[PDB]
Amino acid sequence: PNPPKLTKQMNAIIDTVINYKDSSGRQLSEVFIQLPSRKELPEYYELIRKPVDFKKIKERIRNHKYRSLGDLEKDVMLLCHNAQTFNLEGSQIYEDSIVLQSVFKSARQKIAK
């Protein structure tokens, strides 16, 4: 298992990302918590080779799959980059995923550095 404070730092960072609200009170992470299934949106799985959602990221913290904050960052960047790949530039989901990459990076800097 990971050291307790590393798991605590990962949960604090991911909770900051998931709970973040924009100035209109909207929780930007909402659509990213659970991917649509292969039955609901088969086109997503045709285009995205490594799907991931925040439910999977929290599971990977619980199961100690990430060995560092760098490992955690790689999956959060993947989730957002996948959203940017599937969606059109300027769409709400595409733009929300860019904001969440900034929220992750600043939360990591506050909580760990």
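Take the two forms, superpose them, and find the largest set of C-alpha atoms that agree within 1.5 Å; that set is the rigid core. Residue numbers here begin at 1 and follow the sequence given.
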{"item": "More shifted region, core-based fit in 8 other deposited structures of this protein, 60-68 vs 34-42 by CA", "value": "34-42"}
{"item": "Greater mean Cα temperature factor according to the PDB record, 10-18 or 88-96", "value": "10-18"}
{"item": "Between 70-78 and 26-34 (mean CA B-factor, as deposited), the higher", "value": "70-78"}
{"item": "Cα B factor band for residue 61 (lowest, middle or highest third within the chain)", "value": "highest"}
